[PDB]
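Participant: Quick one: the structure is below, and I'll ask about it shortly.
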Amino acid sequence: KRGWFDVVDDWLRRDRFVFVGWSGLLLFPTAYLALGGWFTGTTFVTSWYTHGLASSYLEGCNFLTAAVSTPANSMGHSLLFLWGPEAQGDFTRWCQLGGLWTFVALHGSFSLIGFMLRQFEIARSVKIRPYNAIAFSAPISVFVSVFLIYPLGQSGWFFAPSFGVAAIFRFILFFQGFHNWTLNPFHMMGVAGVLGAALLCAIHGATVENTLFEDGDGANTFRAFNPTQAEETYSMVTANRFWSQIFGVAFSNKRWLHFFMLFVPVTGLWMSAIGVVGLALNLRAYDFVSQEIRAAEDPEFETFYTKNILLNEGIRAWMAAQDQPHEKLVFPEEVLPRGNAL
Amino acid sequence: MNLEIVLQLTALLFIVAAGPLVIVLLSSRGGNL
Amino acid sequence: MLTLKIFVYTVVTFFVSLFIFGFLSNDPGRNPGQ
Amino acid sequence: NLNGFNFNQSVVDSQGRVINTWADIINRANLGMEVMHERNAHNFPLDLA
Amino acid sequence: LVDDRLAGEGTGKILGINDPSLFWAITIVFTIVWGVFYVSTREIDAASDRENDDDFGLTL
Amino acid sequence: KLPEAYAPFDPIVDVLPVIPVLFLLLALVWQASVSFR
Amino acid sequence: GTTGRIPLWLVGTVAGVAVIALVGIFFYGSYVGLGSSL
Amino acid sequence: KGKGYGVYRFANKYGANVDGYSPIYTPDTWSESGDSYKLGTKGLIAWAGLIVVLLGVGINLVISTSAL
Amino acid sequence: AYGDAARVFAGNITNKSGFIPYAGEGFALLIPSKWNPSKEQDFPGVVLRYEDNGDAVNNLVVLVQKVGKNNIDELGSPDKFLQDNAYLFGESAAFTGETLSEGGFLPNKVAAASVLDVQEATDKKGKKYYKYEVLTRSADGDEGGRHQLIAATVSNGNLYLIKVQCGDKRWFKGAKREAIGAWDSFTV
Amino acid sequence: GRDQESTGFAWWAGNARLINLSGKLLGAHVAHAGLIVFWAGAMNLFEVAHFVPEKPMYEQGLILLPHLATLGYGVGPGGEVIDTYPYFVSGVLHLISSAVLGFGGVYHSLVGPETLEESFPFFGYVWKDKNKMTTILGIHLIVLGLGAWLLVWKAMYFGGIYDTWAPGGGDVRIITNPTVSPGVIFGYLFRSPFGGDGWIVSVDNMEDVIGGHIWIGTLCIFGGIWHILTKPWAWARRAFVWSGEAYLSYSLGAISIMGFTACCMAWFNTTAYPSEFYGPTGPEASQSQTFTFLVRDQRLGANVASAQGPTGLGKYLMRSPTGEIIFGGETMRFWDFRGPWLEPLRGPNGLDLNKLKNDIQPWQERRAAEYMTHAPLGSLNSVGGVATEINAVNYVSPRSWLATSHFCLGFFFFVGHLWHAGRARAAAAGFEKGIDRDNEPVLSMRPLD
Amino acid sequence: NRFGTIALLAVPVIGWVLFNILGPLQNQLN
Amino acid sequence: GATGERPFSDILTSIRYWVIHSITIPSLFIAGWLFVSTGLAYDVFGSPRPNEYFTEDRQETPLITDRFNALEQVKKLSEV
Ligand SMILES: CCCCCCCCCCCCCCCCCC(=O)OC[C@H](CO[C@@H]1O[C@H](CO[C@H]2O[C@H](CO)[C@H](O)[C@H](O)[C@H]2O)[C@H](O)[C@H](O)[C@H]1O)OC(=O)CCCCCCCCCCCCCCCCC
Ligand code: CLA
Ligand code: CLA
Ligand code: CLA
Ligand SMILES: CCCCCCCCCCCCCCCCCC(=O)OC[C@H](CO[C@@H]1O[C@H](CO)[C@H](O)[C@H](O)[C@H]1O)OC(=O)CCCCCCCCCCCCCCCCC
Ligand SMILES: CC1=C(/C=C/C(C)=C/C=C/C(C)=C/C=C/C=C(C)/C=C/C=C(C)/C=C/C2=C(C)CCCC2(C)C)C(C)(C)CCC1
Ligand SMILES: CC1=C(/C=C/C(C)=C/C=C/C(C)=C/C=C/C=C(C)/C=C/C=C(C)/C=C/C2=C(C)CCCC2(C)C)C(C)(C)CCC1
Ligand SMILES: CC1=C(/C=C/C(C)=C/C=C/C(C)=C/C=C/C=C(C)/C=C/C=C(C)/C=C/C2=C(C)CCCC2(C)C)C(C)(C)CCC1
Ligand SMILES: CC1=C(/C=C/C(C)=C/C=C/C(C)=C/C=C/C=C(C)/C=C/C=C(C)/C=C/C2=C(C)CCCC2(C)C)C(C)(C)CCC1
Ligand SMILES: CC/C=C\C/C=C\C/C=C\CCCCCCCC(=O)O
Ligand code: OEX
Ligand SMILES: [Cl-]
């Protein structure tokens, strides 16, 4: 190794406690900056001038109610650089205008890119297959569709999720009230995928741990294993028979088992991402026209779908005034939908 | 800094310090732990 | 309605008695251990 | 009836006025979906059940 | 009244018995199953190749 | 409230009930000092 | 000069006590001052 | 009762157990230095003086910058 | 920059009375601190309106109307004055129909007001006041009724009136203190 | 102590190293009992020192003091605390006895005999010796029966216990005629658990409680005597697993059932858990709200009986699905509630219209208003009211705390029973450490279809 | 001056660390 | 095995380590306390003090309406 590229590759791809690699140059700075931006925004920066709230520990918020807030709706889809035509180089006023959210999001996306690249590079250095790198595509797609594509199809960054706990809860409730997101088949596939992945994880762990082999004399079975051993540590035949007699069907292929384990959550997350991409343009599966027409013609027809519609209407009407200060909605108390005595 | 709060903190410190004191005393003198 | 109640009571007590007297019939001895 | 955390009107400024928060936005959404969950089943102001 | 009903819900009867026929059904079925089990419990024990002494049973 | 004769000992009472949790933590500390043999 | 080391269990005990005290201070500050609703 | 396997059945075939394969506490690899402080007693005395001074300065600064 | 240090180790609360004084054009009152300004003008002559952060039903409003009489008693008896200004509780003009299925309401009526207390008193200066306390109920019955506190007076040829509204649900839960404090502090 | 080298149990499962060590196990149990008594005494002292007389018991977050109030200690007519000295005495006695118990536990765990089967044959035992285990069970049954009789003696001769249904308001009565009728006792036991019936949670007078305690004391003493003099039969030897972990699993299941029952009793009962010291129950608050709104609207000149609601069912009074006159609204699901302040207005066919039209008392109205405002609703940070309220009230009902905590404990101990029953059944058979590679049971069976 | 106070606080920390670690650091550099 | 760095167990049980780090960690803690208490946190990141949420000019929540004059608008809204 004599060339500049060769010596740089020798140093970068070294055996170390923390592997740097060629992708480290993109991953470490951006990830560090994103983490620091989130911590700084949650600790010191406020949200009074862009949202009308308080979103910092300095103002009296706990871990749940502290967040990094989105810019105002007047800023549209501006990238809000520190040197842009809005902040104009002023750091304090850049923080006050909501520029830390775009900072964190833009650095986090490149950190995700760098992390997948790091997975690829480490897999190639160890001479294995890049299925772990393939599996990260689902989280990356979820992040891209939720934090970038959805706001890019709306009025501005104001309707993006804010980096916080209660902010994400408000985002979820808004998605329920306005989009009827629970009634979306793509979200249903995503929910099925997540719950099935949890089911698979629990059932595989229990089945492996309860079909072990007697390789020791102690009740603590964790010490009867050696990673370099040849024989398998549990009885696949016994597991298959148990699950065939209990459930009806069972796995007989370890490779197929583990590929299914990989396949389920990735597909669920990708389907949910497609659903959110569709929802970015207000293409929401909101209503059933036949049910609406039947309920309109017949004042006796009622199902749970109509009750959900009424709940969404109430959510919209009562959250609109404060959630969207730019619309300047002043609602007299007698126009808000309300039930009897409640 | 109320006097009652100072007394409560003193009592809490005395009670907490009584736990590892036994362990330290038995480990320093090579007791049967 | 009383006939349905009698029939259901008979069925339920039949199955529960089967369960009880089956688990009382030397159940711990039905294992492959040596 | 042991509900979750209630951080409503928790942040208060020097003169006593209320500074809102994401918890308060969530509370507004809850108020929206509360007065409509059963329209005609209530005769009295409190849903004690 | 317009129709008729059992009218027994929310009363507090022993095992829900309002008529002796339910008691008879329960007792008859339980006794039949118990007798069938009682005839065979001697043969079932002998499958363990051990006598039902004071040391019988699954012990550790 | 405690009787007037037991008033000076109120701060002692206010910290008593945490002792069982302290006992669990002390068991963990003893196991750590023994070095988890 | 000064031969000897510090017990790792002692280090762990002190660190645990420190973090527990920090969390307790955080909870106390949640019950009084800013963001205490009164 | 035990069957004579021990902690691991294939201890002779594979050399050792998982514990003997990837330990996380190896005093042999520890540095020869670090078990004795080179600066000795004078260094510890200087450290004690410095920590007392720094604690006093810190408490004074905390009290002064606050609202008493 | 500002240079102001944070109020660390401060044992005093700046405001703890729960009220914020207000100085207007010819009147003064103590507004609850938990309330926010509003941009609604429901009655003629609205010059001030505040509503609670947690519920928009709880609110106060101040009306300064032009009248010919220089004294409050020249507008009629307290009962007659309340009868003339009955629009302050709203009207059921949008409901045009006949019904007989209301709980404790007169036929074809979906709302009613119960005059719980009337009072006439003079301030320290020597200006007469008309004080009212009403409880208006609805056919559906939201909040379990609404409490209206009214204090009216005439000064310099203008009628000064304040109406404080508070839902019953909040009234018996401890929010009557703020409403009564705002009602009793109206000075002209 | 010991180590994994000579035991095979890791440090996180170290209490399993003293399964066959009788002396150390006894020391551990005695130390744990000392811990329980210590908590009881310390919590009683903490609650007695933070009690103000201007607020009711349920408004100050007390859970041990209402237990002593129901025994008639330091309470007066109507449910008002008068003296607070017996609570201090009880707390002091518990705290002092905890020291003796803890010393005994420490001695028996540290320097006492390790295995007391050779020096103390009377106290020594083997887990597989059925006769000795049955003898110990009988001894402890006798002790529990004596405890039940001790409770019975209090309500009869030593001043009695608080009765919330006593004529002229609740007061500390003396129970002279307990109900020892077999039909009454068997009616509570074999009752349905559904609504209206309520199983044993539906006991509505202190005479039934005292009679049932007489029954349970006699039964426990007789069963203890029976077990001391006998040994398990063939049908019992053929059905159970005989090991310490198996016995532990049985006890775990029993106490999980007990915890669930305690949760339900705290949530629903009003006799053994008077509302004067625990606050209103779930249904009680709703009934009180409807009652006070009916009273207020009647004072405003309205016809409550003939008033019609938005749905056409009745705003204040309607009919239960069996015919009884009940309160209207969503509180139509709580018509099984029966409380001391509401019973006097109830006739043979339900609520009496004339009685609530002309004979409603101010004390009843005050009780209804108080139980309406102090409803058992709250949040985790102790904020009273519904989830869409503000930060104004610091209150959570004592019934909610007990109910939630004991449901959690009951569920976790059911899970523990499952774990230990499975492990005992597997270990006794002999395959709790895994499958045998040489002789795998499945390889010897014919394949499925 | 407010930042100057923090810098002046941080100076002795750097001094102490340099005083305690200069030897082995120079050894590692060579 | 080991990648060529001092074991963490060896470092954390060293008199030198605990002599160096008996100064740095408390120094950083005091530095953060002084950063908050001296009012620097409010000024650097522009957060409102409890008395600066509402000014005598406006008693409502701030609202930014212009994208290119946003700097001047937020300068006007933050005026004390
Ligand atoms: C022998 C084996 C069993 C045989 C029978 C099995 C039947 C199974 C049917 C299938 C459905 C499952 C069971 C449903 C139970 C519903 C209980 C209920 O509606 O109510 C429960 C009742 C409460 O009864 C209430 O009792 C009340 C008492 O009345 C009176 O109570 C006081 C009396 O002074 C007051 O005066 C009060 O005002 C007055 O109303 C009222 O009657 C109520 O209407 C009545 O509902 O409690 C009780 O029976 C006491 C506690 C019961 C057990 C624990 C219940 C909770 C745990 C559930 C199971 C475990 C879950 C966790 C593990 C999950 C994984 C395995
Ligand atoms: C490691 C890689 C890295 C990457 C990929 C990013 C990425 C980004 N940063 Mg971050 N940043 C980093 C490290 C990095 N940063 C570091 C180390 C710091 C110092 C703390 C910052 C501080 C920072 C700030 C202060 C801001 C950003 C922001 C942004 C955006 C910049 C937009 C822009 O126009 O770029 C510049 C455009 C380019 C295309 C550059 C490439 C040009 C090539 C190399 C040609 C070179 C030719 C040129 C004519 C000759 C130069 C050579 C000669 C001078 C020697 C972008 C998302 C902004 C933000 O997020 O706004 C919301 C912003 O405000 N960053
Ligand atoms: C509920 C409380 C509790 C109790 C009573 C016990 C009881 C027991 N444990 Mg278990 N244990 C517990 C929880 C508990 N454990 C927990 C939570 C864990 C997980 C960390 C373990 C893990 C564990 C292990 C790994 C081992 C035991 C063993 C033992 C037994 C032997 C004691 C000994 O040799 O070392 C005692 C050691 C010391 C000398 C420390 C003394 C400190 C004293 C006892 C503190 C209490 C004093 C108090 C402050 C003042 C009382 C004095 C009085 C006058 C007031 C002892 C009976 C050992 C065993 O299996 O024996 C065969 C053993 O190997 N336990
Ligand atoms: C501390 C609790 C307790 C425990 C754990 C045991 C445990 C045991 N008992 Mg003992 N027993 C007790 C108290 C207890 N008993 C009391 C209080 C009495 C007096 C009634 C008896 C009388 C007794 C007899 C007569 C017999 C046992 C037997 C046994 C063994 C069989 C297990 C079994 O129950 O089968 C599992 C349970 C069943 C299949 C169903 C039982 C559920 C009953 C039928 C429910 C209805 C209750 C019943 C009709 C009683 C009337 C109710 C009441 C209001 C009067 C087991 C060792 C047997 C033995 O081996 O003796 C040596 C036996 O024949 N016990
Ligand atoms: C107690 C002996 C147990 C032996 C072993 C049993 C093993 C398990 C067997 C299966 C059990 C589950 C299925 C049961 C189905 C039949 C019962 C049924 O449906 O009844 C349903 C019926 C309902 O009866 C109704 O009654 C009404 C009037 O009240 C009307 O008459 C209705 O028409 C009638 O249907 O209820 C009963 O029969 C009452 C059962 C009471 C049982 C008391 C048990 C006391 C001893 C045990 C105490 C602890 C119990 C557990 C508590 C904690 C639980 C978390
Ligand atoms: C913004 C920005 C930037 C950056 C910065 C940075 C990078 C920073 C960082 C920062 C950081 C880096 C921070 C951190 C912080 C942290 C914290 C604050 C922590 C906390 C913690 C806690 C609180 C814990 C807790 C706990 C416990 C105790 C127990 C267990 C569990 C847990 C762990 C959770 C710059 C200048 C470049 C540029 C411009 C912009
Ligand atoms: C009543 C009374 C009393 C008594 C008391 C007592 C009895 C006490 C006890 C106490 C105790 C008994 C204590 C204890 C404590 C403990 C602790 C405090 C611990 C802690 C720990 C931690 C914090 C951590 C840990 C760890 C380790 C070590 C390892 C692993 C990891 C961790 C980190 C977890 C007295 C005398 C006062 C007198 C008066 C009265
Ligand atoms: C063995 C063991 C263990 C355990 C232990 C235990 C569990 C113990 C306990 C113990 C105990 C459980 C103890 C107790 C004690 C107590 C005491 C010591 C008390 C005292 C008291 C007093 C002193 C009082 C006083 C007073 C009075 C008289 C009146 C009022 C006021 C007052 C409160 C001041 C462990 C875990 C470590 C592990 C290892 C082994
Ligand atoms: C005090 C009182 C009273 C009374 C009470 C009583 C008298 C009770 C009794 C109770 C009883 C008397 C109970 C019993 C129970 C039982 C049980 C719970 C059983 C169980 C069993 C089992 C679980 C079994 C099993 C099995 C089978 C089935 C098969 C084979 C195997 C075995 C054996 C394992 C009253 C309520 C009046 C009132 C209030 C108070
Ligand atoms: C040969 C004589 C010997 C023993 C017979 C003794 C007693 C028989 C008693 C009763 C049998 C019928 C039981 C009926 C139970 C109640 C039924 C109901 O509630 O309707
Ligand atoms: O039903 Mn179903 O949801 Ca239980 O809360 Mn009340 O009621 Mn009705 O309302 Mn809300
Ligand atoms: Cl209702």
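Following the order of the structure tokens, first chain is A, next is B, and so on, with residues numbered from 1 inside each chain and ligands from 1 in the order they appear.
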Give me the residues within 12 Å of residue 48 of chain H as a list in words, counting only C-alpha atoms and dropping any in the same chain fewer than 5 places off.

Facilitator: residues 41, 42, 43, 53, 54 and 55 of chain H; 19, 20, 22 and 23 of chain L

Participant: Which residues are near residue 28 of chain C? Cut-off 10 Å, only C-alpha atoms, ignore same chain within fewer than 3 positions. Put them as a PyMOL selection string.

Facilitator: (chain C and resi 23-25+31) or (chain E and resi 57-58) or (chain J and resi 238-241+425-426+428-429)

Participant: Compile the contact shell of residue 158 of chain J as a PyMOL selection string: residues with an atom at most 12 Å away, counting only C-alpha atoms, same-chain residues fewer than 6 positions apart removed.

Facilitator: chain J and resi 71-73+150-152+172-175

Participant: Pick the closest to chain G from D:18, D:41, D:46, D:11: which is it, counting only C-alpha atoms?

Facilitator: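 Distance minimum relative to chain G lands on D:11.
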
Participant: Write out as a VMD selection string each polymer residue (protein, DNA or RNA) that has an atom no more than 7 Å from ligand 4, with only C-alpha atoms and all ligand atoms counted.

Facilitator: chain J and resid 134 137 141 185 to 186 189 219 to 220 222 to 224 226 to 227 230 to 233 236

Participant: Could you list, as an MDAnalysis selection string, every residue within 8 Å of segment 19-25 of chain E, counting only C-alpha atoms and ignoring same-chain residues fewer than 6 positions away?

Facilitator: chainID C and resid 5:6 9:10

Participant: Would you list which chain I residues are within 7 Å of chain L using only C-alpha atoms, as a PyMOL selection string?

Facilitator: chain I and resi 1-6+8

Participant: Write out, as a PDB file, in the first residue's frame, the residues just selected, with C-alpha atoms.

Facilitator:
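Saved file selection_38.pdb follows:
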ATOM      1  CA  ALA I   1     -28.229  40.163  25.125  1.00  0.00           C
ATOM      2  CA  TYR I   2     -30.108  40.954  28.343  1.00  0.00           C
ATOM      3  CA  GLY I   3     -27.804  40.094  31.249  1.00  0.00           C
ATOM      4  CA  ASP I   4     -30.611  39.174  33.657  1.00  0.00           C
ATOM      5  CA  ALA I   5     -29.736  36.226  35.879  1.00  0.00           C
ATOM      6  CA  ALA I   6     -32.176  33.372  36.372  1.00  0.00           C
ATOM      7  CA  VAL I   8     -32.388  30.463  41.095  1.00  0.00           C
TER       8      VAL I   8
END

Participant: With only C-alpha atoms as the counted atoms, please give the residues lying no more than 10 Å from residue 16 of chain F, apart from itself and same-chain residues fewer than 2 positions off, as a PyMOL selection string.

Facilitator: (chain B and resi 11-12+15) or (chain F and resi 11-14+18-20) or (chain J and resi 38-39+41-43+45-46)

Participant: Please identify all protein, DNA and RNA residues within 7 Å of ligand 3, counting only C-alpha atoms and all ligand atoms, and report them as number ranges by chain.

Facilitator: B: 19, 22-23, 32-33; F: 24, 27-28, 30-31; J: 1-3, 11-18, 24-25, 27-29, 31-32, 99, 102-103, 106, 109-110

Participant: Could those selected residues go to a file with N, CA and C atoms, as a compact mmCIF listing (two decimals), in the first residue's frame?

Facilitator:
# COMPACT_ATOMS: atom_id res chain seq x y z
N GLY B 19 -26.31 0.85 55.54
CA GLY B 19 -26.34 -0.35 54.72
C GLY B 19 -24.97 -0.79 54.26
N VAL B 22 -21.97 -1.91 56.88
CA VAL B 22 -21.78 -3.30 57.28
C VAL B 22 -20.93 -4.03 56.26
N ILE B 23 -21.22 -3.84 54.98
CA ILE B 23 -20.47 -4.52 53.92
C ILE B 23 -19.01 -4.07 53.93
N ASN B 32 -16.93 -13.32 57.07
CA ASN B 32 -17.61 -14.38 56.32
C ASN B 32 -18.82 -13.77 55.62
N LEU B 33 -18.62 -13.35 54.38
CA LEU B 33 -19.69 -12.76 53.59
C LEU B 33 -20.41 -13.81 52.75
N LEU F 24 -33.58 -4.38 49.74
CA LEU F 24 -33.37 -5.02 48.45
C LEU F 24 -32.09 -4.52 47.78
N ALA F 27 -29.12 -6.07 49.49
CA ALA F 27 -28.86 -7.43 49.03
C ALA F 27 -28.09 -7.41 47.71
N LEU F 28 -28.49 -6.53 46.80
CA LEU F 28 -27.76 -6.41 45.54
C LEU F 28 -26.32 -5.96 45.77
N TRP F 30 -24.48 -6.42 48.49
CA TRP F 30 -23.74 -7.53 49.07
C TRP F 30 -23.33 -8.53 48.00
N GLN F 31 -24.24 -8.84 47.08
CA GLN F 31 -23.89 -9.75 45.99
C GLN F 31 -22.77 -9.17 45.13
N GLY J 1 -22.30 -18.13 52.62
CA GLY J 1 -23.16 -18.45 51.50
C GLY J 1 -22.64 -19.59 50.65
N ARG J 2 -22.97 -19.57 49.37
CA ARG J 2 -22.52 -20.60 48.43
C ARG J 2 -22.15 -19.92 47.12
N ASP J 3 -21.94 -20.72 46.08
CA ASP J 3 -21.54 -20.20 44.79
C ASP J 3 -22.00 -21.16 43.70
N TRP J 11 -26.33 -16.30 40.47
CA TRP J 11 -26.62 -15.34 41.53
C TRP J 11 -28.03 -14.79 41.43
N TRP J 12 -28.57 -14.65 40.21
CA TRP J 12 -29.93 -14.17 40.05
C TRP J 12 -30.97 -15.22 40.45
N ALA J 13 -30.55 -16.45 40.68
CA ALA J 13 -31.39 -17.51 41.21
C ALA J 13 -30.77 -18.10 42.47
N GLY J 14 -30.23 -17.23 43.33
CA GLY J 14 -29.49 -17.70 44.48
C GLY J 14 -30.34 -18.20 45.62
N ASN J 15 -31.58 -17.73 45.72
CA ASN J 15 -32.47 -18.20 46.77
C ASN J 15 -32.89 -19.65 46.58
N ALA J 16 -32.61 -20.23 45.42
CA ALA J 16 -32.86 -21.65 45.20
C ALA J 16 -31.75 -22.53 45.77
N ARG J 17 -30.66 -21.94 46.25
CA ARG J 17 -29.59 -22.71 46.87
C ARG J 17 -29.95 -23.18 48.28
N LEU J 18 -30.98 -22.60 48.89
CA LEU J 18 -31.41 -22.97 50.23
C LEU J 18 -32.75 -23.70 50.19
N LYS J 24 -31.49 -22.23 57.24
CA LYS J 24 -31.36 -20.98 56.50
C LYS J 24 -32.69 -20.56 55.89
N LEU J 25 -33.48 -21.52 55.42
CA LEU J 25 -34.81 -21.20 54.90
C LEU J 25 -35.70 -20.62 55.99
N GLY J 27 -34.63 -19.02 58.63
CA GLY J 27 -34.13 -17.68 58.88
C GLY J 27 -34.61 -16.67 57.86
N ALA J 28 -34.60 -17.05 56.58
CA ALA J 28 -35.09 -16.16 55.54
C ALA J 28 -36.56 -15.83 55.74
N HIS J 29 -37.37 -16.84 56.07
CA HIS J 29 -38.80 -16.60 56.27
C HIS J 29 -39.05 -15.69 57.48
N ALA J 31 -36.97 -13.45 58.71
CA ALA J 31 -36.54 -12.10 58.34
C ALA J 31 -37.58 -11.41 57.46
N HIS J 32 -38.18 -12.15 56.53
CA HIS J 32 -39.22 -11.56 55.69
C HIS J 32 -40.44 -11.16 56.51
N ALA J 99 -38.35 -5.51 65.32
CA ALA J 99 -36.95 -5.65 65.72
C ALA J 99 -36.65 -7.06 66.21
N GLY J 102 -36.76 -9.42 63.21
CA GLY J 102 -35.58 -9.29 62.38
C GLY J 102 -34.34 -9.88 63.02
N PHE J 103 -34.19 -9.71 64.34
CA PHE J 103 -33.06 -10.33 65.02
C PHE J 103 -33.13 -11.85 64.92
N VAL J 106 -32.13 -12.83 61.33
CA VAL J 106 -30.70 -12.67 61.09
C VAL J 106 -29.92 -13.77 61.79
N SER J 109 -30.40 -17.07 59.96
CA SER J 109 -29.81 -17.08 58.63
C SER J 109 -28.29 -17.06 58.64
N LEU J 110 -27.67 -16.48 59.67
CA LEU J 110 -26.22 -16.28 59.67
C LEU J 110 -25.48 -17.34 60.48

Participant: As an MDAnalysis selection string, please: the residues near residue 213 of chain A (cut-off 7 Å, only C-alpha atoms, same-chain neighbours under 4 positions excluded).

Facilitator: (chainID A and resid 233:235) or (chainID J and resid 434:437)

Participant: I'd like to know which of H:8, H:30, H:37, H:14 is closest to chain K, using only C-alpha atoms.

Facilitator: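 Closest to chain K, using only C-alpha atoms: H:37.
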
Participant: Collect all residues with atoms no farther than 8 Å from ligand 11, counting only C-alpha atoms and all ligand atoms, and output them as a PyMOL selection string.

Facilitator: (chain D and resi 34+37-38+41-42+47-49) or (chain J and resi 330)

Participant: Taking only C-alpha atoms into account, report as a list in words which residues of chain A lie within 7 Å of chain J.

Facilitator: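 Close to chain J, chain A has residues 211, 212, 213, 214, 218, 219, 220, 221 and 238 of chain A.
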
Participant: Can you check which residues of chain E have any atom within 9 Å of chain J? Use only C-alpha atoms and format it as a list in words.

Facilitator: residues 7, 9, 10, 11, 12, 13, 14, 15, 16, 41, 45, 52, 53, 54, 55, 56, 57, 58, 59 and 60 of chain E
